[PDB]
Amino acid sequence: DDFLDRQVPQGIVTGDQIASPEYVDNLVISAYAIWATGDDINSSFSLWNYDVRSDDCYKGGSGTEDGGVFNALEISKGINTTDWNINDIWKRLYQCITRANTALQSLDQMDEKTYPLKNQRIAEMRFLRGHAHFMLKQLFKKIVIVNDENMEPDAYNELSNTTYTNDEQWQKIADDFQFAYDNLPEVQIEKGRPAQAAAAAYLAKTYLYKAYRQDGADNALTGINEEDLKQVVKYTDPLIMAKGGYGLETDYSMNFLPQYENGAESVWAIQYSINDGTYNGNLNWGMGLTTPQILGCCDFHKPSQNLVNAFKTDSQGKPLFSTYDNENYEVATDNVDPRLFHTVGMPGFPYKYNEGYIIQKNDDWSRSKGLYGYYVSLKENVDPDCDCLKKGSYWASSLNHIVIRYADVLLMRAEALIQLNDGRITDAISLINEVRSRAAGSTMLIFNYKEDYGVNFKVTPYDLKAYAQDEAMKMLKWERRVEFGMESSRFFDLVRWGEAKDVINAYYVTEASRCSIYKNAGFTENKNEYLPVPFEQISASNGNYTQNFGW
Amino acid sequence: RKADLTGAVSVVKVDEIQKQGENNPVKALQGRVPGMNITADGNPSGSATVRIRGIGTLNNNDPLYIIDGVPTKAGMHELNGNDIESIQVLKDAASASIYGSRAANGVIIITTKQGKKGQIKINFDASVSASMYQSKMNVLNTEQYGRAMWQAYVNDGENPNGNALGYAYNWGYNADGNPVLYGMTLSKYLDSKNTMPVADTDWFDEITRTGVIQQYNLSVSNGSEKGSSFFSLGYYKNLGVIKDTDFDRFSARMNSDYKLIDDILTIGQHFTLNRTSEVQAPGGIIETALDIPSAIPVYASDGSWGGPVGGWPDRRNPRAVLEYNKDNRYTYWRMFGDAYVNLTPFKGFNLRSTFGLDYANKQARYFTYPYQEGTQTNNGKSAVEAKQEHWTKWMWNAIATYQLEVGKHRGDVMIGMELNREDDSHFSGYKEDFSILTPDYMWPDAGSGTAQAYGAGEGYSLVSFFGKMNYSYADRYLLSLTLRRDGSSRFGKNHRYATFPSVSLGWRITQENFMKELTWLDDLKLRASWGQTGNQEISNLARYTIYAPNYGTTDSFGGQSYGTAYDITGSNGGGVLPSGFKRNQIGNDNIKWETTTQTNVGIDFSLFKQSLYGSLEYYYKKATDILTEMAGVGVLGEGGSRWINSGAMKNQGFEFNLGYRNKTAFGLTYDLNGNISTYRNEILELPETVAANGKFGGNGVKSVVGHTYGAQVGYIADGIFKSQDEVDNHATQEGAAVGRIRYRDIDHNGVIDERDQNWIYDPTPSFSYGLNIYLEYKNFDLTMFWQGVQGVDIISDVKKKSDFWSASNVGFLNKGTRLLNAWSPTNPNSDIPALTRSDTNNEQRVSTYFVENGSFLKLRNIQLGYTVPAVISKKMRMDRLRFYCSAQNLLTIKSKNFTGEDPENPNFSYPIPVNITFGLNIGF
Amino acid sequence: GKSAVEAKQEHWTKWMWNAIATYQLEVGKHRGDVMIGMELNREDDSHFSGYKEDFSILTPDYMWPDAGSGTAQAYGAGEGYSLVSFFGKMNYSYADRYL
Amino acid sequence: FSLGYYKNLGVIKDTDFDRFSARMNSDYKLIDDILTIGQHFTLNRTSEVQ
Ligand SMILES: OC[C@H]1O[C@@](CO)(OC[C@H]2O[C@@](CO)(OC[C@H]3O[C@@](CO)(OC[C@H]4O[C@@](CO)(OC[C@H]5O[C@@](CO[C@]6(CO)O[C@H](CO)[C@@H](O)[C@@H]6O)(OC[C@H]6O[C@](O)(CO)[C@@H](O)[C@@H]6O)[C@@H](O)[C@@H]5O)[C@@H](O)[C@@H]4O)[C@@H](O)[C@@H]3O)[C@@H](O)[C@@H]2O)[C@@H](O)[C@@H]1O
Ligand SMILES: OC[C@H]1O[C@@](CO)(OC[C@H]2O[C@@](CO)(OC[C@H]3O[C@@](CO)(OC[C@H]4O[C@](O)(CO)[C@@H](O)[C@@H]4O)[C@@H](O)[C@@H]3O)[C@@H](O)[C@@H]2O)[C@@H](O)[C@@H]1O
Ligand SMILES: [Mg+2]
Ligand SMILES: [Mg+2]
């Protein structure tokens, strides 16, 4: 009786055939594709949607109702565990983890002699899984460590987020990076595959986050670990970075231009492509909402006035540590860091170095009618005439998203040296001076601003001398703030440093005068610095997931 | 004459079905069958959703139609329903089991017209109808929109002149200090380019029209002792109220039967061919028309399509969308054929071999024209999508029946083997970069851009061995026993086959000799039935862990295509990128049939010489081992969904049908048919992930287990805050202010949070009733059918944008007229919350405010006709000549609680129009 | 190593309408048939096909355009024509001998 | 009413042609032979490898 067996599945591959050696490489590609096709407009792996909680930027759109859950996150009031965005990002990151685990499981059943590059592919898969786990840990303190590729799906119901403590979870996340660094090649011919230097830098980042211990039920910093700082210093050595040929770009804007993709500073980036045979290209759909109103729609991720005032400098070229936010930045009377024009597009200035598009304070540039300001982010945007911009119901480009930058490596080395407090503070000062000098020379596209809009550029490196720990920490914090504007790392840095509450409250108080959106804003001491575990996940895993403190 | 005589069987009078003049015969019987819910949006096609005995399963609930012994599940809108002689609905598992293995959701038996022996007849029917829009949603005009915006601005304390929408307000304060608006003015052009002048546009009137429906049928039948034949040709056309939407259908049916070898051999066939061409309305056209403000003109200054400019909300022009969608016409060919042969070796033995075929072809050509509506544009995107779909089902049935009439004992023994095979396929091509931008030029060979190819195929098979035994004693005691062995290709070999028994008992009390004196009681019968049926309506590839090479060629919204294509080299594209595979679902080899047990008790009575007839039914349905597709736990990632037998559904229902027909002394014949039905549904078991995600109810907050299917959990709105003292007295909550919605504190913790939610929505009506009245008097026949539903709650999405300002995804959208009657110090006698621009109180949350009483009672169809007297017809040689005028959906009565309109369709779907029809019937 | 699939669909639709009026007379030895007719013909043809490449399993079950991972092509064309005819036929028979 | 099935396997390997056919013809005479209505229909399904 073959009547019920004649017909077979069409156009698919069964589960028992996906483990064959001729498909594993394809599966490897899958583990990368999720980082370019598995992100939504409201859930992007850059985590810019959840970075509105910081003081760097507001939330764009027509108004507060446009993304009401994100508005509640920004104001830190009226946040419910039954939020669709939190569950969405949780599910997407665990889908990335699942793809990485499937690739690892397929790779583990191969002979070394038959597949010489087995170790490299395994290291790449572990690096991707660790990156996803690190992003989850940044978003949620308590996450499930899915590091067992040879695990049956049913056992996934027995997984819990409290199996390992905070330190143990950090160590488990860092183990993948350690293996990748021990196994990844020094140089990769394909820019998509991460190199040894990228793994070492991301391991240093993980150890730096591990150093700021968050032990106890609450979310308060309970000390600084010296061993973690030593590990960071070990894994951020300039010799390792120079082995892979990575260094600071000659110009800052080169890090955010299609013409200079996969540069020296681009230690690791998500390769976005156009005209690649898909429906519209593997464009950065996570930045679709960030395009200005001049393109027709969207207009999200609008930088705040606080960041613009932070970019303001004094006559000595140093940032104003106490009087930067007292008055709004003036283009004609106040010295400004050149990095501002590569990050924030102020009104009356060319948009993405295009003379044919000048930002104006009208409805053609702001979708909120001035409610959220008129500033437009420029790092994630591209020139309208680049030919790299395509309309796929959302204006998205093929510009690569650089996950790890060499400036980040230098600043993390400076942070480790400063927090060690065992000498070598001058080395951190030298790294900060190098970053400032790189910023000073980044005027290849904005040199005419002196003779066109009266823009005064004045930035100078710090003098090489003895500096106290608090002064060096403040200078490093200011350098990080002025270096990674609109790069979706301010809130995580504030949470790690343990000063998120005071900074957020001060920002709310300062910006309530010029923005009514922060009229009812309020930040809780131990509740709003970590996204709560989704209620759907807790309900699905009864007696296994514990909600974060304060919820 | 019921074809089961011992189960829950509903016989539908086909004469009243054709009176309504509906393309779909199923839609005509919307409320004429107890325990049967028919939901129709009102689109030109007769497409509708059918639910029998409530919801009894978590998978597809579509009932199994049977026409001329051929089973199917496709809609009857694509078939000609005017050539139907009898309609029978089998809502009992025991009665419907013998008709197929897909009787979990009920079986509907449809019999086509056949030539009556000894006569030859013809019938020609013509019908012309006009459909008019009745549920015209009231929206703010330019002045009303400006007044509402000014009211919101003054309520929020902001300057109304900073709206930056061209509105200048002259306003002041009264004695009490409440703001009052004196006048408003508008700029002539909404933009600085003077290309979009301001105007008062009725978008609902602009996108709606008066549709025309035409129906022409011609049927002929001829019977004889050696055989019979029947041939029918039908044409239908319906223009929808929404512009650029239409549906027409040609139908040709040929039935015949031949008797050879002195009635031993019989060969019959029933065939029909259908051709339906349809242009459908774009998704959310009503929503788009309601959202766009009336200030936007239909046409710009240069004659191009109007669109929002400046700060106006990003809403596409509904008229332009309809104009561009008018070329999205799809053609559907339906092939429904059947050939059967019957042999009688002797008097009591019959052998029937039947072959049925259903072939469906669909061809569509979708066009994407470049549009530029103000700030709304697609960057000059022009594309063509040519899609082809094929469905092929073939069934073979072998039946052996024996009948005996020994003594007072009648015995029927029947056995049968059935084989079903369905194969579906589809493929489509996509082309871009066109220049002329016309349907004639838009062909894939004429394109000059990126081309894409899509294609898929699937199928399944069914094997059934069934046996039915019927015993009748003294025409008083009836016993029925049936057994089914059913197997499908969707399961593994171990769990391929399953067994289903069913038993039915019946006792005719009127045949007992102890009540011979009860002359009034003409007939009384008590019947019971306990049956089991199998359900396997799931995905074909359910037991396989599916890995698919999703390169990323499929269009996706928001960029979540989940494609597998990465530029590992980092060359920004320029060629074929490396690809791979992704997991779609995890297979499960332990999946088996879903077992539904139905217990039915029925009482059939007929009194006063077969004048007052009726039936009362009570049914209990229990579905277990339900094949449900559970989602991933959350850390399983993509492909975590899998099919499992972890469901439990319970349905307890009552039905009552009554009918009284009688004449009158002066010559009036009145027939009244009343019907009432009620049911209660409950979910007993469900997977933990399914209950957590709340796909079947609960909104992801509480488990739906132990509650009705589709029930929704939300907050409770205890009025609105009329003063600051009320705000202070009430428990603290986010966004609390004067004129905002007050939420009840269920747990009395002093703070309103996510735990202050309870079950608020129950989509189960208290009872659904229907009443048909037929009056005959002096060649005048009047038909009047009323359908009512009582005790049903509805969630109104229209209220979300009619009772609030800026409560949608974007602000400055057009709202309802009743929004003008919002709460204010000047107008304290109102329940609508005060207007605001910021949703601080978060009124978009699910609550009792959006739950309204859906009870209604509407005149589904009224018809007044005149029949030509027999002598005039014979003078004109006509056998019958009749004319009639009818109204469909003419009048309705709603509840005062329902603030909206059209309780049957309280959402943004297709509206239900009023039909005025004139028709004629000729019997040459 | 070239693997590809080509899914092609073709439709032809012809419809004809004919109206014929015939009269016959048998007067004396003369038989006369007079027939007139109007005929309308309409033919419409169309075709479209999709092309996909880069398959792995290389079996008819797996070879579907959605399962491909290579360059895809779309082809499509349509055409048609119509015919109108007015014809008349007269037949005369004398003594069943002269036609 | 006619039902036909044909199948031909060519001499060249992997070449074949089969065909199912269903024909229904009918005619009816009404109104004492004044009116006549007739129809002739056929459906064919041919599967071929050339
Ligand atoms: O809330 C409803 C359900 O959505 C859920 C599902 O679990 O989650 C939200 C879900 O929705 C997604 C879609 O990808 O994001 C929506 C989310 O994104 C926000 C910002 O957070 O807005 C982003 C921008 O999107 C814009 C376009 O610029 O509009 C989106 C808006 O429009 C829709 C459909 O809306 C309607 C419905 O018929 O159609 C018209 C046009 O919008 C309106 O009248 C109706 O509201 O799609 C856009 C349509 O445009 C078309 O071209 C017309 O045919 C088609 O391509 C689309 O159909 C919806 O996508 C959406 O409502 C712009 O307005 C915004 O600036 C935010 O506003 C919105 O909430 C996804 O990311 C997320 O997962 C559940 O919360 C809930 O059950
Ligand atoms: O995507 C959901 C939304 O779009 C529709 C089409 O408007 O569904 C899209 C796909 O549905 C398909 C798959 O069968 O058919 C539905 C439409 O085609 C029609 C043509 O008669 O129905 C085809 C056939 O399949 C049913 O719909 C299901 O059994 C039967 O009712 C019918 O016999 C037509 O009735 C439907 O509109 C496919 O054609 C589309 O790609 C809508 O279904 C839905 O609202
Ligand atoms: Mg790129
Ligand atoms: Mg409470």
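Remember, it's 1-based here, ligands and their atoms both numbered in the order they're listed. A, B, ... follow the sequence lines: proteins, then strands. Residue 1 opens every chain.
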Colleague: With a 4.0 Å cut-off on heavy atoms, does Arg367(A) reach ligand 1?
Modeller: yes

Colleague: Give yes if a backbone or side-chain nitrogen or oxygen of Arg315(B) is under 3.5 Å from a nitrogen or oxygen of ligand 1, and no if not.
Modeller: yes

Colleague: Do any of the N/O/S atoms of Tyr272(A), backbone or side chain, fall under 2.8 Å from the Mg ion (ligand 3)?
Modeller: yes

Colleague: Within 45° of the six-membered ring axis of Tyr366(B) and under 6.0 Å from that ring's centre, is NZ or CZ of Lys387(B) located there?
Modeller: no

Colleague: Given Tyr50(A), which partner from the list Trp90(A), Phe45(A), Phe70(A) fulfils the ring pair (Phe, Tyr, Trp, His ring centres under 6.0 Å) test?
Modeller: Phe70(A)

Colleague: Hey, are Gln712(B) and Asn699(B) close enough side-chain-wise for a donor-acceptor pair under 3.5 Å?
Modeller: yes

Colleague: Kindly state if atom 17 (C) of ligand 2 has a protein heavy atom within a strict 4.0 Å cut-off, that is, under 4.0 Å?
Modeller: yes

Colleague: Is the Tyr372(A) ring parallel, tilted or perpendicular to the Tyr58(A) ring (thresholds 30°, 60°)?
Modeller: tilted

Colleague: Does the protein put any heavy atom within less than 4.0 Å of atom 38 (C) of ligand 2?
Modeller: yes

Colleague: Is it the case that ligand 2 has an N or O less than 3.5 angstrom from some N or O of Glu389(B)?
Modeller: yes

Colleague: Answer yes or no for atom 4 (O) of ligand 2: protein heavy atom present at a distance under 4.0 Å?
Modeller: no

Colleague: Any idea which part of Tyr394(A) is under 4.0 Å from ligand 1, heavy-atom wise: side chain, backbone, both or neither?
Modeller: side chain

Colleague: What protein heavy atom lies closest to atom 21 (O) of ligand 1? Include the residue and the distance to one decimal.
Modeller: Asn42(A) ND2, 2.4 Å

Colleague: Does any N, O or S atom of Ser398(A), backbone or side chain, fall under 2.8 Å from the Mg ion (ligand 3)?
Modeller: yes

Colleague: Heavy-atom distance from atom 76 (O) of ligand 1 to the protein below 4.0 Å?
Modeller: yes

Colleague: Tell me whether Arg334(B) reaches ligand 2 (any heavy atom closer than 4.0 angstrom to a ligand atom).
Modeller: no

Colleague: Report the nearest protein non-hydrogen atom to atom 57 (C) of ligand 1: residue, atom name, distance rounded to 0.1 Å.
Modeller: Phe557(B) CE1, 4.1 Å

Colleague: Within the structure, does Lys362(B) bring an N/O atom to less than 3.5 angstrom of an N/O atom in ligand 2?
Modeller: yes

Colleague: Of all the non-hydrogen atoms in the protein, which one sits nearest to atom 34 (C) of ligand 2, and at what distance?
Modeller: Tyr330(B) OH, 3.8 Å

Colleague: Within the stated cut-off of 2.8 Å, is an N/O/S atom of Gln271(A) closer than that to the Mg ion (ligand 3)?
Modeller: no

Colleague: Could you list the atoms of ligand 1 found under 4.0 angstrom from a heavy atom of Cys297(A)?
Modeller: 28 (O)

Colleague: Quick one: does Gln280(B) get an N or O within less than 3.5 Å of an N or O on ligand 2?
Modeller: yes

Colleague: Keeping the roles fixed (side chain from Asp276(A), backbone from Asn282(A)), state whether a donor-acceptor pair exists under 3.5 Å.
Modeller: yes

